[PDB]
């Protein structure tokens, strides 16, 4: 009984590129060699030559065919270069048949593994963009008819029943040049500092495009041999943290929007504590007795921010935070992505009101944090995020008055450049602005906080005169060269922002440096 078999024609999976066409995920053609044992049994004399061409051992190769002498089909070796396979087929060994397949290849490897993700052995998206746009990127295989004889030898390819159709191309918002830069600097910082993990997000403040998104640890998607679950996490999007002092500029925005505060107002912060109930608000830098509003950010006074918070009420703070998108849904639909949490209480005690205002009792993703800073930097206009390239600048929503936004921009520029500021965040050639942050990590195995485990943050944008990009840098558990946001994350911000701005041809607004 001889028969017509149907065989599959593999389809081309769609090309994933960066915003300028750099390929990030590509289906590369490869050759899979298969054999008809029956046909091979009639050429035993050719085996050793064949086994040596496939690099296999002669006897082990022979046992294989002998074990499967009954079958009319077995794989010899899968995934060869189109050159090698045709080299072996040129040997004319009976019973040896090739077929063109595809291998998904990631040219930038670990640089973009988190954002891009990967496919499985049957080319289904399993992680990341591969997963998220699987329908878009997948193609439909073809089918064709082959005529086989009694003993499984292929006589004729009779017809193609249906053609293969390739997937569609996807252009991301990422700029791979910025991504290369960001990845390397974040990795350096992680190693210098003895940190466990980190994230780094860069955003176009005008368009909402995610220009770069890297995390540590990472992995090579082209070789997942000894892959650990930890390394696979796109932490920027799926890991949440308490933003700490990095939310003060929004507290401060609420204050200026309340009508009850103005930049020149001075707040008494002595003695760097403020007892309320059984809980004690503390400042780290206990030097100045009184600060103006700009000095509350520069020195990052929790006490100072608390007092403003007691004046204006929680709802005015909760509401600015909500409007800049903290604890809100981004709309990206990245797999695993978290919304985070902006607590809503019926009545707001003093404690929760103060901790909210200086960044605890709420949890954000690095992506949200950057989104919020982008709104601030875009003169109070929030624009929706995109992880795909944006055709035309979208309509944004005015979430902070331009005048408040402008004022807070000036303040944050001070935080960086003023004496006693976060000088390590300065970008050569440009004026930049931003906020340091340093948060104790939450205890494992109990409520409350860890006595020696810190998360280091820096969040800012540049250029100060006309902002173009917002950036966030988050490093977990540094243990080698201090832990303050402004010692650990700010220098990373400095370098990447420098490169970023250069690589996008933004003209320097601070010729003096």
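For the two forms, the rigid core is made up of the largest set of C-alpha atoms that agree within 1.5 Å on superposition. Residue numbers count along the first chain shown, from 1.
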Note to self: Stretch 341-349 versus stretch 377-385: after rigid core alignment, which one is farther off in C-alpha RMS in 7 other deposited structures of this protein?
What the structure shows: 341-349
Check: Is 231-239 or 67-75 the stretch whose C-alphas end up farther from this model in 7 other deposited structures of this protein after a rigid core fit?
Finding: 67-75
Item checked: residue 444: gap in at least one third of other compared structures -> yes
Margin query: Would you say residue 454 is commonly dropped, meaning unmodelled in a third or more of the other compared entries that have residues on each side of it?
Written below: no
Check: Going by the B-factors listed in the PDB entry, is the mean over the C-alpha atoms higher for 141-149 or for 438-446?
Finding: 141-149
Check: As stated in the PDB record, which stretch has the larger average Cα B-factor, 211-219 or 289-297?
Finding: 289-297
Check: Which is it among 95, 335, 198, 380: the one with the largest CA B-factor in the entry?
Finding: 95
Margin query: I'd like to know which of 371, 126, 78, 307 has the highest C-alpha temperature factor in the PDB entry.
Written below: 78
Check: What third of its chain, lowest, middle or highest, does the C-alpha temperature factor of residue 314 fall into?
Finding: middle
Next item on the list: Rank-wise, by C-alpha B-factor, drop residue 115 into the lowest, middle or highest third of its chain.
Entry: lowest
Check: Taking the C-alpha B-factors as the PDB entry records them, is residue 106 in the lowest, middle or highest third of its chain?
Finding: lowest
Checklist line | Ranked C-alpha temperature factor of residue 177 among modelled chain residues, by third | finding: lowest
Check: Split the chain's modelled residues into thirds by Cα B-factor; is residue 17 in the lowest, middle or highest one?
Finding: lowest
